[PDB]
Amino acid sequence: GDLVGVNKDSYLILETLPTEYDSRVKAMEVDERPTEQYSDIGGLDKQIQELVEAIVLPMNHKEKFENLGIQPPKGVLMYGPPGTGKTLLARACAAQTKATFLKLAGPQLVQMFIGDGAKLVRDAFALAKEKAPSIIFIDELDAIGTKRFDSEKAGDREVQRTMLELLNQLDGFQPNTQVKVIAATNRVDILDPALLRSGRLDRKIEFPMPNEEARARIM
Amino acid sequence: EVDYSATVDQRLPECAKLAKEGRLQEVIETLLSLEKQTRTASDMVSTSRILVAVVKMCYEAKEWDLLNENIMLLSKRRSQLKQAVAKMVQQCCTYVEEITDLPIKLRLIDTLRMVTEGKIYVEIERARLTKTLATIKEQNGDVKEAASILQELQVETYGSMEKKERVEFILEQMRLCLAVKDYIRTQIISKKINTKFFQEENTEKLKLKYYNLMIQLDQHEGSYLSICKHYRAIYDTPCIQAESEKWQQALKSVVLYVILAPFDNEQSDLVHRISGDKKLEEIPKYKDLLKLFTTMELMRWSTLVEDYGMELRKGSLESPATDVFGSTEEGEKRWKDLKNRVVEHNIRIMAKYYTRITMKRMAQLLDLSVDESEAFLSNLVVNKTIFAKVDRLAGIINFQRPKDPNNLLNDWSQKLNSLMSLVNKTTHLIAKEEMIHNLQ
Amino acid sequence: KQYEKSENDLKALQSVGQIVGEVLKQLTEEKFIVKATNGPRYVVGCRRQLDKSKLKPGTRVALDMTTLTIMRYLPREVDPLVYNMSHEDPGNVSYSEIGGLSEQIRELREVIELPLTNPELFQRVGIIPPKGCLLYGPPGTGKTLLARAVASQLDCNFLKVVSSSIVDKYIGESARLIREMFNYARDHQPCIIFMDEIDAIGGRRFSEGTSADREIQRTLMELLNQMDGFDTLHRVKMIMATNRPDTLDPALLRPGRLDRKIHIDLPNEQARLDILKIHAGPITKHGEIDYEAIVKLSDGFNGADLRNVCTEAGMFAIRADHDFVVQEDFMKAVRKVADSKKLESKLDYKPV
Amino acid sequence: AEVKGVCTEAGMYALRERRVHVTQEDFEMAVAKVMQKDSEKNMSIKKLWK
Amino acid sequence: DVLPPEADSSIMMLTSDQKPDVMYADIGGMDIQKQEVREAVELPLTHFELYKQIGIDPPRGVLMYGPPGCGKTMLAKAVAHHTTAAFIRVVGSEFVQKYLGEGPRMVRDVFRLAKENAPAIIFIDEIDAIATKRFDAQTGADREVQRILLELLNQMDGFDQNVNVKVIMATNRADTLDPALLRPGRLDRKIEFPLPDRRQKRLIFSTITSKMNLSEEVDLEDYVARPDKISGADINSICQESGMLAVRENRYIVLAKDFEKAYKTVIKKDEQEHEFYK
Ligand SMILES: Nc1ncnc2c1ncn2[C@@H]1O[C@H](COP(=O)(O)OP(=O)(O)OP(=O)(O)O)[C@@H](O)[C@H]1O
Ligand SMILES: Nc1ncnc2c1ncn2[C@@H]1O[C@H](COP(=O)(O)OP(=O)(O)OP(=O)(O)O)[C@@H](O)[C@H]1O
Ligand SMILES: Nc1ncnc2c1ncn2[C@@H]1O[C@H](COP(=O)(O)OP(=O)(O)O)[C@@H](O)[C@H]1O
Ligand SMILES: [Mg+2]
């Protein structure tokens, strides 16, 4: 399955080439590195610590976790009412963190052709793994994480199926301990239990409609 | 998973002391408690030692009922380890060897069989105990029951039991089956043994047992060639061949039976192989018999009975006779059989030559009146032995098959082709001789 | 060494490839019909010094490019996809780490391991050993962990796939992947196929549906007929894994394809204690740790949740900036993870 | 369709009997089988509805 | 140059090593089904002086439709073991291929190879992969499947009633097939393979336990009597799990308890409707 270059007529392999990823996957990669410091978010002071400790701390000081003899958490999900500060925190984390970021959107992994969303997910996790430790940010995770159900209407099965593939990628055979995941949803009441499970999306963080002190801080 | 070795080792001496003192109940109860604790702990060795201790103590109590009951309860103890049960059973087997009381023996053996029915971890012992019980029911003059009890054991299946015991068990089965006077089951049981096994390291007594049981089996209805084969194998056995009498009797039987055999390709090859036996010289008259049965020329029954009549049937002090032609009913049957084989060889020999032979002259030469010779020929033809057409109306016996013109011309062609090849060969020899004598 | 590599490269430059194609029939002593992989069929010769008894109707063969002369035979192809399906790495989980499953692991080993060493028992009783077993149960219980333990401990080969990664866009390609996988297994006996999330392709075959639905159903018919079809499968074992056994084709649950339906449910009190002990071992701890208290505050949890109790316990311990896990941090962890459980929808599905 | 099937069935039964002709007894048996399978299909549909 | 009749790629059963190993005696019961499948692929092969005396046109193929596990692929396997004619086996999921014109090409190649060998049987297992009634002829893929299906019909209709090439196909859902297959001239027999009834349950138990050690204690009449709709494949898992327990406890005999546990294992009873009905 490697990628090599061959002579046009003698068909003799002549050089090794960089692996191929679907252009759609490659576009998901961050290049601009947004610039939003941890001062720009006020009123979410517990949540910010939770997520920073979960995602960034392991990457820098892994010695602490090795000393305590604990595997660090796997995954973080952010849920709160619309406009409560979800994507802004992740953008800030990308601004300060240095590992490879990958963006995404729930609706970006749904493709018309059967078997294309799974290939997108698999190649994205592969690029994240290959390019040193990294984080994936699946915004609008509710697009693909919907509960499964028994219905005679087709179409939804394909999204469910790429969802199964994402589930398996997070925590499944061949454990992955170099990539971490983030997500954001306005509705957590419709996400699959196998995705809120305590092994794939471990730390779940709530974002409340800001309180008086938070409103003054934001303004 | 949790050791109990120290507890059991400490306790057991006290338990034995108390039992021998007369505290059987307390010691048995404490042993049961330790067994339950260990088994819940899953300690195979401690449980085995405790179980053997109990079985030993109870036996030196004349508590046959108590011993048997305790064997039952130990066997059905829940989560009971298989190794512990096996050790208890081997102890019980030794003991069954020891005890002597007929009712006590029978009851203990039955209990051992019931606890020993259907389990790999104790599977040898079941066969051994069944063999013992078959023995006991046998020397009580009951044979059918012995045959059934023995046949109920499928020795081959057991993958752990060693080979020699397997073969001995099978051989006991076969002897019992022959005793019961049933044979089809014997044929069924014979194939199960492997004849190749009797070559490996020491199978000498078992080999002779097998071959004698067959020879007794094949004599029932008449399979003379198979019996010759088995006697031959016995003769090839080093023990028989080492002593003079043993191998000499082996050869006597082998030659007489190859003689008695029905003529066919196999019997012909066998007789040819046996004939070239340098050791055969020791048995003069018997090698005479062999040659007479391999030479192609009519032989008179009268001459054979006059010369070898006494050396075969009545025996010789110098040369021991064989049961082949003794005074038993089977002796008369096999004597008739030898008559038959001389007559059939006579018929065949005149059936190679003798295109046509008047019925009277065949009957005179075969030493039978017209009718019996005609019946013998008719049976031979109906059985496909030989081909011939009796023209009862003219008294002629034609030995010639039809000659379709196709075959006639084909024979003509073969003759021409042979002529051509001989012409070529004579020319080659001529060239050789001219080369050897002409250059000079 | 530089010149040796240079001359090796220069010699290597002058050499040509052989078209790989399959022999379809041997017409005469020196005539073979070969179907090159692209599709064009040729009638071609054969090199004189080659065992022509090994070119049966189906052998793969390397054809020279100019004359198309058969020149070498090869063993059956192993697609790169199957190379990856066969070279996974289930860490090194041992049966110890699996806590709280004893009956289930026994049944699993009975199904797949015993017939691979001790067939004589099955011959003595007189039965053919079962082929495959479904692992069904609430999420986070240990299905995949059991499969990884079976893969690492056992000695036969392994094949691991996600049913959601078999499917492919072009019509008639997923079925070909399944068929070729089972052929590969049929070659390297013994082998175990672990279909993960067979609910991704095992779904009731409807009367009414759409084109993609029909394509996946074709894939499923292929699998079904590979398991127990015209060709007896013999010595390759199977295990599946689903959180939705109910949404499966009745023809796939039939007890000739999936012989055993093992349930892997949520841990019970003693099992909870076992898992807690297994996960809490490698921690660096101070003071007494009364696992009865956590077993009591962890109703409804699953193995992952108790692992998370340990992880969160250490997270709290660092949050305080100590260097140990004390009991109180365990209590905080358990109560927290109890708080987060309100989001998961607790219910189980059965195969009916 | 039932009355079309009864004809072919009866002919085939007569053929098994090894004859050139169909018999009234053969027709009775064929119609019994065809109607039994028809009622079986009807009750199977009813059970599926249930 | 003109080659032998077929180069082909649909290899035909070697009937030498690939012949299956299910005798007619491995099956138990299904006497009526054995008759029809044999009577439909042998009775036209013998005689034929009696099959146009009564005017009934000879059968072309056989459809074998039944619940999921009642012996559909067993009988085909047996008739492939015993029969002398050449055998070609396929699965409908195999005809469907990537490139256009390849499905039709495979169908034509198969039927042509069958026609080359006068006595021949073609088995297409899981015909549901092709002959589905409902279609959506707007995506191409469904168009190619319809193309394969139409090619099958056209090849089936292309016979002269004087070539001994027979076709048998098995489906778990006859109703989902398109009617174009069922029309006379094409597939002319449907053979139900229903779940076993008492007598068949008894026969299959005896025939599957016939290879057991099965101490005399077990009374199978008890297990057969039970009013439980069980498919033949299950009746083999009961008999298999019984010996499995036997081996677990390290025996080589099967007791009544072992069988009871097997039957309670394989036949889990549905969720008892709360008894405030009835
Ligand atoms: N606590 C906060 N501190 C600073 N800015 C905030 C805060 N809460 C909301 N905002 C502002 O909200 C605006 C839009 O919110 P944003 O899209 O980042 O949130 P969200 O929760 O991810 O929303 P959505 O559900 O639409 O993805 C951002 O410009 C950010 O400036
Ligand atoms: N009468 C029978 N005697 C013995 N075994 C039987 C019988 N009927 C069914 N079986 C069992 O059927 C199993 C195989 O089932 P089979 O392949 O025939 O299923 P099927 O009906 O074709 O299934 P599907 O509809 O899913 O294709 C074998 O294990 C065999 O034990
Ligand atoms: N019995 C158990 N012992 C230890 N860990 C467990 C157990 N059950 C689940 N886990 C945890 O759950 C994860 C394994 O998930 P698994 O149960 O194999 O798949 P699924 O998501 O299908 O339940 C691992 O991180 C493991 O630590
Ligand atoms: Mg957002």
# chains A, B, ... in the order shown; residues from 1 in each chain; ligands from 1
>>> closest_atom_pairs(of="chain C", to="chain E", cutoff="6 Å", atoms="only C-alpha atoms", output="JSON lines")
{"residue": "C:125", "atom": "CA", "partner": "E:252", "partner_atom": "CA", "distance": 4.9}
{"residue": "C:126", "atom": "CA", "partner": "E:212", "partner_atom": "CA", "distance": 5.3}
{"residue": "C:171", "atom": "CA", "partner": "E:98", "partner_atom": "CA", "distance": 5.3}
{"residue": "C:172", "atom": "CA", "partner": "E:97", "partner_atom": "CA", "distance": 4.7}
{"residue": "C:218", "atom": "CA", "partner": "E:129", "partner_atom": "CA", "distance": 5.5}
{"residue": "C:222", "atom": "CA", "partner": "E:93", "partner_atom": "CA", "distance": 5.9}
{"residue": "C:251", "atom": "CA", "partner": "E:68", "partner_atom": "CA", "distance": 5.2}
{"residue": "C:255", "atom": "CA", "partner": "E:234", "partner_atom": "CA", "distance": 5.6}
>>> write_last_selection(atoms="N, CA and C atoms", output="short mmCIF file (atom, residue, chain, number, x, y, z; two decimals), in the first residue's frame")
data_model
loop_
_atom_site.label_atom_id
_atom_site.label_comp_id
_atom_site.auth_asym_id
_atom_site.auth_seq_id
_atom_site.Cartn_x
_atom_site.Cartn_y
_atom_site.Cartn_z
N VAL C 125 -16.63 -37.51 21.72
CA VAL C 125 -18.06 -37.29 21.94
C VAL C 125 -18.81 -37.40 20.62
N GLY C 126 -18.19 -36.99 19.53
CA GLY C 126 -18.79 -37.13 18.22
C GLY C 126 -19.49 -35.89 17.73
N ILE C 171 -19.72 -0.29 -7.22
CA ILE C 171 -20.61 -1.41 -7.00
C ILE C 171 -19.82 -2.70 -7.12
N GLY C 172 -20.11 -3.65 -6.23
CA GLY C 172 -19.41 -4.90 -6.24
C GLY C 172 -17.96 -4.83 -5.86
N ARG C 218 -26.38 -6.76 -0.57
CA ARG C 218 -25.59 -7.69 -1.38
C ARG C 218 -24.32 -8.11 -0.66
N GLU C 222 -23.32 -11.95 0.60
CA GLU C 222 -22.03 -12.58 0.34
C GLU C 222 -21.43 -13.13 1.63
N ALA C 251 -31.01 -14.30 9.33
CA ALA C 251 -30.18 -15.31 8.69
C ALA C 251 -28.74 -15.23 9.13
N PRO C 255 -28.18 -20.40 14.23
CA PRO C 255 -27.16 -21.16 14.96
C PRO C 255 -26.42 -22.19 14.12
#
>>> interface_residues(of="chain C", to="chain A", cutoff="8 Å", atoms="only C-alpha atoms", output="compact mmCIF listing (two decimals) with N, CA and C atoms, in the first residue's frame")
# COMPACT_ATOMS: atom_id res chain seq x y z
N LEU C 13 18.85 -0.92 -13.22
CA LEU C 13 18.13 -0.03 -14.13
C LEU C 13 17.70 -0.78 -15.39
N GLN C 14 18.55 -1.68 -15.88
CA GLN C 14 18.22 -2.47 -17.06
C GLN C 14 17.55 -3.76 -16.61
N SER C 15 16.24 -3.69 -16.46
CA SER C 15 15.42 -4.87 -16.19
C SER C 15 13.97 -4.44 -16.30
N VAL C 16 13.12 -5.37 -16.72
CA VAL C 16 11.75 -5.05 -17.07
C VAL C 16 10.80 -5.87 -16.23
N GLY C 17 9.57 -5.40 -16.14
CA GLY C 17 8.57 -6.09 -15.37
C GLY C 17 7.86 -7.14 -16.17
N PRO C 80 -3.42 -5.30 -0.19
CA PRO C 80 -2.90 -4.49 0.93
C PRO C 80 -3.92 -4.31 2.04
N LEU C 81 -5.19 -4.17 1.69
CA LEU C 81 -6.23 -4.07 2.70
C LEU C 81 -6.20 -5.26 3.64
N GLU C 88 -2.75 -6.00 12.69
CA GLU C 88 -3.07 -5.10 13.78
C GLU C 88 -2.20 -5.41 15.00
N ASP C 89 -2.44 -4.69 16.09
CA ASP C 89 -1.60 -4.76 17.29
C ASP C 89 -2.47 -4.48 18.50
N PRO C 90 -3.09 -5.50 19.08
CA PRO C 90 -3.99 -5.30 20.23
C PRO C 90 -3.27 -5.03 21.55
N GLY C 91 -2.29 -4.13 21.51
CA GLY C 91 -1.45 -3.95 22.69
C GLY C 91 -0.92 -5.28 23.19
N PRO C 139 -22.65 -0.90 26.19
CA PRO C 139 -21.35 -0.35 25.83
C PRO C 139 -20.43 -0.27 27.03
N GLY C 140 -19.14 -0.48 26.77
CA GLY C 140 -18.12 -0.33 27.79
C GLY C 140 -17.93 -1.51 28.70
N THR C 144 -14.56 -5.68 23.00
CA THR C 144 -13.33 -5.50 22.25
C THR C 144 -12.12 -5.88 23.08
N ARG C 148 -9.26 -8.48 21.92
CA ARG C 148 -7.83 -8.19 21.92
C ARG C 148 -7.05 -9.19 22.77
N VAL C 162 -13.54 -3.55 10.79
CA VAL C 162 -14.76 -2.85 11.18
C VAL C 162 -15.72 -2.96 10.01
N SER C 164 -17.89 -1.20 9.14
CA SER C 164 -18.07 0.11 8.53
C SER C 164 -16.88 0.54 7.70
N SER C 165 -15.83 -0.27 7.61
CA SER C 165 -14.72 0.00 6.71
C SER C 165 -14.62 -0.99 5.56
N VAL C 167 -17.24 -1.34 3.45
CA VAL C 167 -18.06 -0.80 2.38
C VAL C 167 -17.25 0.14 1.51
N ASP C 168 -17.54 0.13 0.21
CA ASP C 168 -16.82 0.91 -0.77
C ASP C 168 -17.78 1.40 -1.84
N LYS C 169 -17.41 2.50 -2.49
CA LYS C 169 -18.36 3.21 -3.35
C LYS C 169 -18.69 2.41 -4.60
N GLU C 197 -18.59 -4.45 14.96
CA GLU C 197 -19.78 -3.69 14.60
C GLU C 197 -20.43 -4.25 13.35
N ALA C 200 -23.03 -2.55 11.20
CA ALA C 200 -22.81 -1.59 10.13
C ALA C 200 -23.23 -2.16 8.78
N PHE C 206 -34.77 -5.30 3.90
CA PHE C 206 -36.12 -4.81 3.68
C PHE C 206 -36.61 -5.16 2.28
N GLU C 208 -38.58 -2.79 0.87
CA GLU C 208 -38.54 -1.46 0.30
C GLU C 208 -37.33 -0.69 0.83
N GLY C 209 -36.64 -0.01 -0.08
CA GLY C 209 -35.39 0.64 0.24
C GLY C 209 -34.78 1.36 -0.94
N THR C 210 -33.50 1.71 -0.86
CA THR C 210 -32.83 2.52 -1.86
C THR C 210 -31.60 1.78 -2.37
N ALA C 212 -28.20 2.27 -2.22
CA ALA C 212 -27.13 1.96 -1.28
C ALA C 212 -27.55 0.86 -0.31
N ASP C 213 -28.79 0.92 0.16
CA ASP C 213 -29.29 -0.14 1.02
C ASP C 213 -29.16 -1.49 0.33
N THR C 247 -30.87 -5.33 15.73
CA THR C 247 -30.83 -4.89 14.34
C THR C 247 -29.80 -5.71 13.56
N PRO C 282 -1.84 -0.17 39.37
CA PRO C 282 -0.59 0.55 39.08
C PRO C 282 -0.54 1.97 39.62
N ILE C 283 -1.59 2.42 40.29
CA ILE C 283 -1.58 3.75 40.88
C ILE C 283 -0.60 3.76 42.04
N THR C 284 -0.15 4.95 42.43
CA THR C 284 0.69 5.14 43.61
C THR C 284 -0.19 5.73 44.70
N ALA C 304 -15.34 0.85 31.57
CA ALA C 304 -14.77 2.14 31.22
C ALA C 304 -15.02 3.16 32.31
N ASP C 305 -16.21 3.16 32.90
CA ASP C 305 -16.51 4.13 33.93
C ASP C 305 -15.62 3.95 35.15
N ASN C 308 -12.30 5.19 34.37
CA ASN C 308 -12.36 6.64 34.44
C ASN C 308 -12.38 7.11 35.88
N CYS C 310 -10.60 5.73 38.19
CA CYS C 310 -9.17 5.78 38.50
C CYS C 310 -8.46 6.96 37.84
N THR C 311 -8.72 7.19 36.55
CA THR C 311 -8.10 8.32 35.86
C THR C 311 -8.47 9.64 36.51
N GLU C 312 -9.76 9.88 36.73
CA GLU C 312 -10.22 11.08 37.41
C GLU C 312 -9.65 11.17 38.82
N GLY C 314 -6.69 10.19 39.80
CA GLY C 314 -5.36 10.76 39.63
C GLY C 314 -5.39 12.21 39.17
N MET C 315 -6.33 12.54 38.28
CA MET C 315 -6.49 13.93 37.87
C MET C 315 -6.75 14.82 39.06
N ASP C 323 1.41 13.99 45.24
CA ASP C 323 2.03 12.94 44.44
C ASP C 323 1.53 11.57 44.85
N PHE C 324 0.21 11.41 44.95
CA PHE C 324 -0.39 10.15 45.34
C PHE C 324 -1.89 10.28 45.16
N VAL C 325 -2.57 9.14 45.21
CA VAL C 325 -4.02 9.10 45.21
C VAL C 325 -4.46 8.65 46.59
N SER C 340 -21.72 12.79 35.54
CA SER C 340 -21.71 12.80 34.08
C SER C 340 -22.58 11.72 33.46
N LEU C 343 -26.17 11.79 31.20
CA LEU C 343 -26.34 12.05 29.77
C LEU C 343 -26.54 10.77 28.99
N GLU C 344 -25.86 9.70 29.37
CA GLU C 344 -26.00 8.45 28.66
C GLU C 344 -27.39 7.88 28.87
N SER C 345 -27.96 7.31 27.82
CA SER C 345 -29.27 6.68 27.89
C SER C 345 -29.08 5.21 28.24
>>> closest_atom_pairs(of="chain B", to="chain C", cutoff="9 Å", atoms="only C-alpha atoms", output="tab-separated table")
residue	atom	partner	partner_atom	distance
B:157	CA	C:124	CA	7.3
B:158	CA	C:124	CA	9.0
B:159	CA	C:120	CA	8.7
>>> write_last_selection(atoms="C-alpha atoms", output="compact mmCIF listing (two decimals), in the first residue's frame")
# COMPACT_ATOMS: atom_id res chain seq x y z
CA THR B 157 -10.97 -45.15 21.73
CA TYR B 158 -8.97 -44.55 24.92
CA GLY B 159 -6.09 -42.34 23.83
>>> atom_distance(atom1="atom 26 (C, counted along the ligand's line) of ligand 3", atom2="CA of residue 274 in chain C")
13.0 Å
>>> residues_near_ligand(ligand="ligand 1", cutoff="10 Å", atoms="only C-alpha atoms and all ligand atoms", output="number ranges by chain")
A: 36, 38-45, 78-92, 139-140, 183-187, 207-211, 214-215, 217-219
>>> write_last_selection(atoms="C-alpha atoms", output="short mmCIF file (atom, residue, chain, number, x, y, z; two decimals), in the first residue's frame")
data_model
loop_
_atom_site.label_atom_id
_atom_site.label_comp_id
_atom_site.auth_asym_id
_atom_site.auth_seq_id
_atom_site.Cartn_x
_atom_site.Cartn_y
_atom_site.Cartn_z
CA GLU A 36 -7.26 34.39 20.74
CA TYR A 38 -7.09 32.85 27.35
CA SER A 39 -8.00 36.35 28.53
CA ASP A 40 -10.67 36.79 25.85
CA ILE A 41 -12.94 34.20 27.50
CA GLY A 42 -14.35 35.16 30.88
CA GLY A 43 -17.08 33.52 32.89
CA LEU A 44 -16.00 30.01 31.87
CA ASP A 45 -13.10 29.57 34.28
CA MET A 78 -18.25 20.76 25.15
CA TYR A 79 -21.99 21.31 25.46
CA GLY A 80 -23.94 24.46 26.21
CA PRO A 81 -26.70 26.61 24.79
CA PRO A 82 -25.98 28.41 21.50
CA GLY A 83 -23.52 31.23 21.85
CA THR A 84 -22.26 30.20 25.28
CA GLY A 85 -18.61 30.23 24.27
CA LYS A 86 -17.87 26.82 22.77
CA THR A 87 -15.96 27.32 19.52
CA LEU A 88 -14.15 30.34 20.95
CA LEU A 89 -12.42 28.28 23.64
CA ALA A 90 -11.29 25.72 21.08
CA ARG A 91 -10.04 28.47 18.80
CA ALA A 92 -8.06 29.88 21.71
CA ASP A 139 -17.62 21.06 15.42
CA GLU A 140 -21.32 20.35 15.17
CA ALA A 183 -16.27 18.30 20.05
CA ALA A 184 -19.08 20.80 20.51
CA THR A 185 -22.83 20.34 20.48
CA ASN A 186 -25.92 22.32 21.36
CA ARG A 187 -27.91 19.09 21.76
CA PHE A 207 -21.14 25.79 29.41
CA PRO A 208 -23.86 27.77 31.20
CA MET A 209 -25.65 30.84 29.96
CA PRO A 210 -23.40 33.46 31.54
CA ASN A 211 -24.28 34.88 34.94
CA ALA A 214 -19.94 36.74 33.34
CA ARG A 215 -22.06 39.28 31.44
CA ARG A 217 -16.83 40.31 31.95
CA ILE A 218 -17.91 39.56 28.37
CA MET A 219 -19.03 43.13 27.72
#
>>> residues_around(residues="range 30-42 of chain D", least_positions_apart="5", cutoff="7 Å", atoms="only C-alpha atoms", output="list in words")
residues 2, 6, 9 and 10 of chain D
>>> residues_around(residues="residue 363 in chain B", least_positions_apart="4", cutoff="12 Å", atoms="only C-alpha atoms", output="PyMOL selection string")
chain B and resi 343+346-347+350+357-359+367-377+395-397
>>> select_by_dssp(residues="range 40-87 of chain C", states="strand (DSSP E or B)", output="ChimeraX atom specification")
/C:41-44,46,60-63,70-74
>>> decode(residues="range 39-53 of chain A", atoms="N, CA and C atoms", output="mmCIF file, in the first residue's frame")
data_model
loop_
_atom_site.group_PDB
_atom_site.id
_atom_site.type_symbol
_atom_site.label_atom_id
_atom_site.label_comp_id
_atom_site.auth_asym_id
_atom_site.auth_seq_id
_atom_site.Cartn_x
_atom_site.Cartn_y
_atom_site.Cartn_z
ATOM 1 N N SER A 39 -7.344 35.234 27.855
ATOM 2 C CA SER A 39 -7.995 36.349 28.526
ATOM 3 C C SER A 39 -9.324 36.692 27.871
ATOM 4 N N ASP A 40 -9.482 36.376 26.585
ATOM 5 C CA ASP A 40 -10.669 36.793 25.854
ATOM 6 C C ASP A 40 -11.917 36.034 26.258
ATOM 7 N N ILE A 41 -11.793 34.965 27.033
ATOM 8 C CA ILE A 41 -12.936 34.197 27.502
ATOM 9 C C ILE A 41 -13.033 34.353 29.009
ATOM 10 N N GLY A 42 -14.084 35.018 29.455
ATOM 11 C CA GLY A 42 -14.349 35.162 30.876
ATOM 12 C C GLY A 42 -15.707 34.588 31.202
ATOM 13 N N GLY A 43 -15.856 34.129 32.434
ATOM 14 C CA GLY A 43 -17.078 33.520 32.890
ATOM 15 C C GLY A 43 -17.104 32.013 32.765
ATOM 16 N N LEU A 44 -16.238 31.443 31.934
ATOM 17 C CA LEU A 44 -16.004 30.005 31.874
ATOM 18 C C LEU A 44 -14.577 29.802 32.347
ATOM 19 N N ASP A 45 -14.414 29.706 33.665
ATOM 20 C CA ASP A 45 -13.104 29.568 34.281
ATOM 21 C C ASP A 45 -12.831 28.162 34.780
ATOM 22 N N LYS A 46 -13.865 27.433 35.200
ATOM 23 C CA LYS A 46 -13.710 26.013 35.495
ATOM 24 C C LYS A 46 -13.584 25.198 34.211
ATOM 25 N N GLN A 47 -14.434 25.491 33.223
ATOM 26 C CA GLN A 47 -14.457 24.701 32.000
ATOM 27 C C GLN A 47 -13.127 24.802 31.270
ATOM 28 N N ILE A 48 -12.561 26.006 31.234
ATOM 29 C CA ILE A 48 -11.308 26.240 30.525
ATOM 30 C C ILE A 48 -10.195 25.404 31.139
ATOM 31 N N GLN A 49 -10.115 25.397 32.467
ATOM 32 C CA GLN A 49 -9.134 24.566 33.149
ATOM 33 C C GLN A 49 -9.359 23.102 32.840
ATOM 34 N N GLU A 50 -10.611 22.656 32.890
ATOM 35 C CA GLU A 50 -10.876 21.250 32.614
ATOM 36 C C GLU A 50 -10.311 20.865 31.258
ATOM 37 N N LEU A 51 -10.646 21.640 30.231
ATOM 38 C CA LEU A 51 -10.231 21.290 28.879
ATOM 39 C C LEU A 51 -8.725 21.418 28.702
ATOM 40 N N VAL A 52 -8.114 22.453 29.280
ATOM 41 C CA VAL A 52 -6.670 22.621 29.146
ATOM 42 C C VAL A 52 -5.940 21.450 29.790
ATOM 43 N N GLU A 53 -6.295 21.118 31.030
ATOM 44 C CA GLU A 53 -5.710 19.953 31.675
ATOM 45 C C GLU A 53 -5.926 18.692 30.868
#
